[PDB]
Structures are given as C-alpha cells and as structure tokens.
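Enquirer: Based on what follows, work out the 3D shape:
(chains A and B)
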Amino acid sequence: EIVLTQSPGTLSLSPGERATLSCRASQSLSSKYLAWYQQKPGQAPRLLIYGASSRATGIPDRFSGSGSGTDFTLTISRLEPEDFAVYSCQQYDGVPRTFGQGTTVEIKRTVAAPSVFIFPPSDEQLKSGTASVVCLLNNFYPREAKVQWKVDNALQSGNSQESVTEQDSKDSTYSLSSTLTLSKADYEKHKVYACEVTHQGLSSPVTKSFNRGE
Amino acid sequence: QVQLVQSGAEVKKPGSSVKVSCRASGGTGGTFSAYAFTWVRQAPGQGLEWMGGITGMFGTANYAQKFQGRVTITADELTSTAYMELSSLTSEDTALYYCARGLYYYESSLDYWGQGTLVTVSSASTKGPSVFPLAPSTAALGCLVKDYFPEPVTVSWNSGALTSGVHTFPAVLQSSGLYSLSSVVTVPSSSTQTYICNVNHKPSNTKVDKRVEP
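Expert: Residues are numbered from 1 along each chain as shown, chains lettered A, B, ... in the order given. This is the structure:
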C-alpha cells in the first residue's frame, strides 16, 4: 500500500506569510491521484486540490499545488486569518486510498511563558472516596509544554489526564489543564502535591505545589 | 453544488453495531447509486483514515485491512441514502465518521463531505456530572465537571455575566469511561467577588450552580 507522510507536524506562521506544506509518497505517484483537504475546526473537510495541481471550484487562487514522484507540496501564497487550520493529503491512485497524518497551520507569535496554578481537591469530593488535584497552564506559547505530577517527589504516571484549548482567536495563546486523580485513601498517605511545568518561555522549570493539610 | 448531511450522534456499547446514513439535502443530489461513496473516520487526536469505498453503478466495495469484515458501506438508490455499518464496536471506534463522494462512479477526489457523525463507544450509561470547585489560592479559579456521560456540557459563569479570562477545556475520557472537564477563569487578586459556574448536562437534565470560595 502507498503510505503518505506529511511535513511539518505543526507549521507556525504569521498572517500574510507564505505556507509550504509537504506530502511524501512511499512510492512514485503520477501527478494525478493526490488531493489536498482543509479541516477547519468544528467543520467538515474541504477539497482544495485534486490532481496534485488543479484548484477545486470555489477555491481561492492563493492555494496551489505542485510536485511529481514522491514529493508533493501545497502552497498558500499569502496566509489569511481563515487559512489557519489542518490540511491533509490523500492518494487515490490505488487501494487503499490513504491519507497523510495532517499538518497543522497555527498562528505564530512571541514566546509567552505560562501562568501556573494548582488547585487542591474540594473537601466535598473528599467526602466521596476520590481526590482530584488540578494543574492549569494559562496563556502560553508555543503549545509545547510538559507537565509533571510529583506526589512527594515521585513522578506519577497513568493517573493524570490533560486537555489543551484551541489557539485563542485574540492573543493566539494556548491553555492547558492537567488533572491528577487518586483515591482518598492514597491521597491521604502523601503530603506534597506539585505541578512541575517546563516551557521554552521559562528560564527554568516552574513547580507549583501545596501540602495536603494546607 | 451538492451538500451532504449525516445522521446524528450515536452512543453504543462494546460489541454492538452501528449504521450511519448519508443523504443529500435539497435537490442538489443526483442519482445516489450513480456515484462512488467513501467513508473516512477521525479518531480523537489522530488524522483522517480511509475506511472503504463503494463504486457508483456496479457497487463493488473496497475496505481497509484494519476494518475487513467489520464494516459494510452501502447506498440506497430508491431512498437516495448512503449507509455505513460497523459491527463489533470497540472503545477504539469512538471517533468522527465522515461521508464523502466525488463526481463519478469510480473513486477519486472527495469533492463533497458531510459534517460528520460522532460515534461514542462506552460501556457507561447516561450519568449527570458532579461539580466540584477549584478554590482560589492575578488569581485563578474554576469548576471541575467530573465523571459524566455523555457529551457535552455547558459552563457559564455568574449566569453568563462573567465571560472574561474564562477557559472551558475540552472533556477527557478517563479509564472509568466517563467524561471529566474543567472550566476556569482568571480574576483580579483583589476580589470580595462571588463566583459561581453554571453546569448543564442536557441528557440527564442536570442543572448545577456551584459557588467558589477561597
């Protein structure tokens, strides 16, 4: 089967810049039989390019496509605010008709280090047999951030789940919330609960913490 | 200018089977048994995934290895409805499912897409949320919407008055098979102020207004 791989994973550009997206085929691919799609958030996918270089009806002229053999590219001459979305390449020469993993076009901006907050469990949730400590990373850029839960300087794992907001429309920022969930029995056998945060915007990693009986 | 419309979201238990229908709205669609119909799915956080297609007139079907024997695509000439049926559902099937077609009876560029049908597979049962506060300790605070099913929930702040500094994160599937979610807001440290979030889980008719005090 033909495998497509897309590059880059995430493309950080500014409004107005030119965007060059790449699709690589595991074997030579006639120009035809490669299409590009646009996935705007919450919306359905949309055809931009078919036949590698042919614009699709109603598609602005700032989208173009070229490439032959294994290397195909999508070019967005001048990025508009509505062009920041996810683009996928698809091969329909043979079967299966595979897709690339997608490339995310995000708005580039200045580095913004996160504001880190940590919330102890509610004394109500503790009336139940469960405890949830929440770490929040607010208004940072870029999106890359590692959050480490440290229960008495013990790296947790498998017991936390985190979520990331979309890139905000106004300040082009990201926000992240991590939730470490334990049982009251275990939760009450430790003292220190810490959120260790590392972000390219921070001189050094930041650790937010509280002690169980605080 | 064909437009595709898909059936609504479906919650299924493991081992069951589901059937999603694709139709054309208005009189924009032509003969349904004429065009090739393609189904693709999008697992959370993953890229587009080709499931299979059906030839327009002869109706010969091709599926991807990962779904062989598990999926049936079909098209009803008389009702003008394209179907996809996926059986032996696994929690790994929870994803957005798209319907698409091109211009001809043979597979090609997918010119037209539906808005997607979300199929959630959870052995869970409709369960209203429990709302716990994230107490303050600029300052941050929020509400934790824990262990609900199924999505979505709506979070306001002070009945829609407070809307500045607010981040309501995307929900997260925990091992338990239930949805957990966070909603936060950043406020002046010098506030005095009284904050309450308004959670609403429509399935369960649950309306919750919890206050947040330090």
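Enquirer: give the contact list for residue B:176.
Expert: B:124, B:147 (CB atoms under 8 Å, 6 or more residues apart in numbering or on different chains). For every residue, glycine as well, the C-beta is placed using N, CA and C.
Enquirer: can you do 10 Å?
Expert: The neighbourhood of residue B:176, defined by CB atoms under 10 Å, 6 or more residues apart in numbering or on different chains, consists of A:181, B:122, B:124, B:146-147, B:149.
Enquirer: Same question for residue B:43.
Expert: B:49, B:92-96.
Enquirer: ok so, going back, out of the contacts of residue B:176, which are inside strands?
Expert: Of the contacts of residue B:176, the ones assigned to strands by DSSP state E are A:181, B:146-147.
Enquirer: between the residues you listed, which is closest to residue A:26?
Expert: Closest to residue A:26 out of the ones in strands among the contacts of residue B:176 is residue A:181 (41.5 Å), distances taken as CB to CB.
Enquirer: Verify the stated contact: that closest one with residue A:151.
Expert: No. Applying CB atoms under 10 Å, one finds residue A:181 not in contact with residue A:151, separated by 11.7 Å.
Enquirer: shared neighbours of these two, anything?
Expert: Counting by CB under 10 Å, 6+ apart, the residues touching both residue A:181 and residue A:151 are A:133, A:159, A:187.
Enquirer: What number of residues are in the vicinity of the first one?
Expert: Okay, so that is residue A:133. 24 (other CB atoms under 10 Å in any protein chain shown).
Enquirer: hang on, the earlier thing: show me just the buried residues among the contacts of residue B:43.
Expert: B:49, B:93-96 (16 or more other CB atoms under 10 Å in any protein chain shown).
Enquirer: Pop the domain breakdown of chain A in here.
Expert: Per curated CATH domains, the domain ranges recorded for chain A read A:1-109, A:110-212.
Enquirer: likewise chain B?
Expert: Split by curated CATH domains, chain B gives B:1-123, B:124-214.
Enquirer: is it true that residue B:176 lies in a helix?
Expert: No. Residue B:176 sits outside any helix when classified using DSSP: H, G, I helix; E, B strand; the rest coil, being coil.
Enquirer: Closest one to residue B:18 out of the shared contacts of residue A:181 and residue A:151, please.
Expert: Among these, and counting by CB to CB, the member closest to residue B:18 is residue A:159, at 31.7 Å.
Enquirer: ok, now how distant is the closest one from chain B?
Expert: Distance, residue A:159 to chain B, by CB to the nearest CB, to the nearest Å: 9 Å.
Enquirer: How about whichever residue of chain A sits closest to chain B: what's its closest non-neighbour residue?
Expert: Nearest to chain B, among the residues of chain A, is residue A:50, at 3.4 Å (CB to the nearest CB). In space, residue A:50 comes closest to residue B:109 once its chain neighbours are excluded; the distance is 3.4 Å by CB to CB, 6 or more residues apart in numbering or on different chains.
Enquirer: burial count for that neighbour?
Expert: 23.
Enquirer: ok, now which ones touch it?
Expert: A:32-37, A:47-51, A:54, A:56, A:90, A:92, B:100, B:102-103.
Enquirer: how would you label residue B:82: helix, strand or coil?
Expert: Once three-state DSSP is applied, residue B:82 turns out strand.
Enquirer: ok, the nearest residue to it once chain neighbours are set aside - how many residues close by?
Expert: Residue nearest to residue B:82 in three dimensions, not counting chain neighbours: residue B:22, with 3.9 Å by CB to CB, 6+ apart. For residue B:22, the neighbour count with other CB under 10 Å is 27.
Enquirer: Any buried residues in the longest strand along chain A, and which?
Expert: Determined from DSSP E, the single longest strand within chain A is strand A:63-76. Within strand A:63-76, the residues that qualify as buried are A:63-65, A:67, A:72-74, A:76, counting by 16+ other CB under 10 Å.
Enquirer: could I get the residues you listed as a markdown table with distance to residue A:13?
Expert: What follows is the buried residues of strand A:63-76, written out as a markdown table (distance: CB to CB, whole Å):
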| residue | distance to residue A:13 |
| --- | --- |
| A:63 | 15 |
| A:64 | 16 |
| A:65 | 18 |
| A:67 | 20 |
| A:72 | 19 |
| A:73 | 15 |
| A:74 | 13 |
| A:76 | 9 |
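Enquirer: Share the number of residues neighbouring residue A:18, please.
Expert: 11.
Enquirer: Which residues are in contact with residue 70?
Expert: Using chain A here. A:2, A:4-5, A:23-29.
Enquirer: Let me rephrase: I mean chain B.
Expert: B:17, B:51, B:63, B:85-90, B:93.
Enquirer: Next: residue A:167.
Expert: Residue A:167 touches A:41, A:84, A:104, A:106-107, A:109, A:141-143, A:173-175, counting by CB under 10 Å, 6+ apart.
Enquirer: one more time with 8 Å, if that's ok
Expert: Contacts of residue A:167 (CB under 8 Å, 6+ apart): A:84, A:106-107, A:143, A:173-174.
Enquirer: And residue B:121, by the same measure?
Expert: If you count contacts by CB under 8 Å, 6+ apart, residue B:121 has them with B:11-14, B:89-94.
Enquirer: Would you check how far apart it and chain A are?
Expert: Distance, residue B:121 to chain A, using CB to the nearest CB: 18 Å.
Enquirer: now that residue, which residues is it bridged with?
Expert: residue B:12 (DSSP bridges).
Enquirer: quick one on the thing from earlier: my guess is the residue nearest to residue B:82 contacts residue B:37. True?
Expert: Yes. Counting by CB atoms under 8 Å, residue B:37 is a contact partner of residue B:22 at 6.9 Å.
Enquirer: quick one: common contacting residues for these two?
Expert: Joint contacts of residue B:22 and residue B:37 (CB under 8 Å, 6+ apart) are B:82, B:99.
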